[PDB]
Amino acid sequence: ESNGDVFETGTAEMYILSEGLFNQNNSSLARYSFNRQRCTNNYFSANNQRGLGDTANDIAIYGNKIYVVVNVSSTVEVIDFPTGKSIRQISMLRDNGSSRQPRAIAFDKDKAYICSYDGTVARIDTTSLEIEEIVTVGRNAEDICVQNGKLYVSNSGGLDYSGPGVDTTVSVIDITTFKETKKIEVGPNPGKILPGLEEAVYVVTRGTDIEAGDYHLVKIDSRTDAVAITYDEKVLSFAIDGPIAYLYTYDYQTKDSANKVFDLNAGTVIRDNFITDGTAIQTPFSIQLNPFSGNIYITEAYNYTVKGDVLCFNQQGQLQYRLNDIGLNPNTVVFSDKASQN
Ligand code: NA
Ligand code: NA
Ligand code: NA
Ligand code: NA
Ligand code: NA
Ligand code: NA
């Protein structure tokens, strides 16, 4: 169930999103209350008497709402934060009525922006919860963030691995006009994209063949909308803490992996093994900072067919605590400094 004193600084609660398995309709949403000292595994269903859906791929708290992007069900579930009750299921559909297959969400002002596999971004209003506009980006949008009055969308072209091939750009959208202003060439199969200091946007590129392990982190400059730096370190996913990145890399062929601390300014490894206390992770599956405490959260997916765990590390790579069997394939952890009225 749990190991270590389960404890956080400055944080009332965390939510853990589990994707389950492709076409098993078994995504789930867990909640651990720090205030109440209480773990609920099935917080969406328990409160709404229906499942979150198939391949839940993203979660964010913003305003007083929780948004879950559901890829295969092709929906954005919106949940009232205080009560935990569904407000709305927003169906994400092509003009012909087919699945857009949304991937990721980002917010600016009172608007949300969702990117999908069909190569589009949808603007959604955070009050009306209606889709207002669509704009096209590149192929198979994978991820999205905001930096400097602009959205940056990873054009993975991931689903084209066998046809035209993976895509190679980050689209830039101007928020005020919701017009796509440029495609910045970054490298093959871009993925996770996070904003950083000095108007920086960082993106991983996963290579033309994901099994090969040709992973780069690229830094974009948002002032000029050009690449600033391409690093040499093999990065599959990362989280930023100022000029420090917490990253990992995983080899699908050899199941070997590494978790590291990395200096974004010098482009050098600070510590070759983030973990300093000898805690094993077989399948690191996400990595993110708790912004209220600066702890590092990594998920363990094991072999993708048993329930995964959540692990909390201080920045010195000592494990604080872990929550075991939290969900099937936990891929995102999020944090509230304010308790839900639940
Ligand atoms: Na659930
Ligand atoms: Na809630
Ligand atoms: Na495609
Ligand atoms: Na992101
Ligand atoms: Na590769
Ligand atoms: Na799992």
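Based on this model, can you work out whether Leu247 counts as under 17 Å from the mean Cα position of the chain (by Cα), within 16 Å of ligand 5 (Cβ to nearest atom) and not small (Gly, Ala, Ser)? Here the answer is yes, as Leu247 does meet what is asked. Going by the structure shown, is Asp325 under 19 Å from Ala56 (Cβ atoms), surrounded by fewer than 19 Cβ atoms within 10 Å (Cβ to Cβ) and either more than 16 Å from ligand 3 (Cβ to nearest atom) or not β-branched (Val, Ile, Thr) (or both)? Judged against the criteria, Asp325 is a match. For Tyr304, the conditions (1) over 20 Å from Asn57 (Cβ atoms); (2) not in a strand (DSSP E or B) all hold with the exception of (1).
Reported count of residues in segment 283-318, each being within 16 Å of ligand 6 (Cβ to nearest atom) and loosely packed, with under 13 Cβ neighbours inside 10 Å, is 3. In segment 183-239, how many are closer than 15 Å to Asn140 by Cβ and away from ligand 5 (no atom under 16 Å from the Cβ)? Counting residues in segment 183-239 that are closer than 15 Å to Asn140 by Cβ and away from ligand 5 (no atom under 16 Å from the Cβ) gives 2. For the residues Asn96, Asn140, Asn148, the requirement of being polar (S, T, N, Q) and touching a residue at least 60 places away in the same chain (Cβ under 8 Å) singles out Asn148.
Per the conditions (1) touching an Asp or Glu at 6+ places or on another chain (Cβ under 6 Å); (2) closer than 17 Å to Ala56 by Cβ, the sole criterion not satisfied by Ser336 is (2).
Looking at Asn48, is it farther than 17 Å from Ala141 by Cβ and within 16 Å of ligand 3 (Cβ to nearest atom)? In short, no.
Across segment 57-85, the number of residues qualifying as closer than 21 Å to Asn25 by Cβ, touching a residue at least 40 places away in the same chain (Cβ under 8 Å) and part of a strand (DSSP E or B) comes to 10.
Check whether at least one residue in segment 310-326 is within 20 Å of the chain's Cα centre (by Cα), among the aromatic types (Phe, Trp, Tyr) and under 26 Å from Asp54 (Cβ atoms), and report yes or no. Checked segment 310-326: no residue is within 20 Å of the chain's Cα centre (by Cα), among the aromatic types (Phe, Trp, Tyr) and under 26 Å from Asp54 (Cβ atoms). Within segment 39-58, the set of residues being among the hydrophobic types (A, V, I, L, M, F, W, C) and buried (at least 16 other Cβ atoms within 10 Å of the Cβ) comprises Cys39, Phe44, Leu52, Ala56. Looking only at residues of segment 193-234 that are over 20 Å from the mean Cα position of the chain (by Cα), small (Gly, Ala, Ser) and over 29 Å from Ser162 (Cβ atoms), we find that the one that is farthest from ligand 1 (Cβ to nearest atom) is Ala226. Inspect segment 97-112 for any residue being more than 22 Å from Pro330 (Cβ to Cβ), polar (S, T, N, Q) and within 16 Å of ligand 2 (Cβ to nearest atom) and give the result as yes or no. No.
Tell me yes or no: at least one residue of segment 42-56 is under 12 Å from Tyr15 (Cβ atoms), touching a residue at least 12 places away in the same chain (Cβ under 8 Å) and in a strand (DSSP E or B). Yes; the residues of segment 42-56 include at least one that is under 12 Å from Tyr15 (Cβ atoms), touching a residue at least 12 places away in the same chain (Cβ under 8 Å) and in a strand (DSSP E or B).
Residues that are under 17 Å from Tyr113 (Cβ atoms) and surrounded by fewer than 17 Cβ atoms within 10 Å (Cβ to Cβ) were ranked within segment 164-218; the one that is nearest to ligand 4 (Cβ to nearest atom) is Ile175.
Per-residue answers, yes or no, for (1) under 21 Å from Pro82 (Cβ atoms); (2) under 19 Å from the mean Cα position of the chain (by Cα):
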residue	(1), (2)
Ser2	no, no
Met14	yes, yes
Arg31	yes, yes
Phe34	yes, no
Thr40	yes, no
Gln49	yes, no
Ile61	yes, yes
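Being within 16 Å of ligand 1 (Cβ to nearest atom), among the aliphatic types (A, V, I, L, M) and closer than 22 Å to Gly191 by Cα is a condition met by no residue of segment 251-261. Take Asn155 and decide whether it is closer than 20 Å to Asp214 by Cα, in contact with a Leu (Cβ under 7 Å, 6 or more places away or on another chain) and without any contact (Cβ under 8 Å) to a residue 60 or more places away in the chain. No, not satisfied.
The sole residue among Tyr252, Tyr231 that is under 28 Å from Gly149 (Cβ atoms) and aromatic (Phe, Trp, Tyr) is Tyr231.
So basically every Cβ, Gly included, is an ideal-geometry build from the backbone, and we count neighbours across all protein chains shown. Any read-out appearing in this document is the output of simple, stated calculations on the displayed coordinates, not a laboratory observation.
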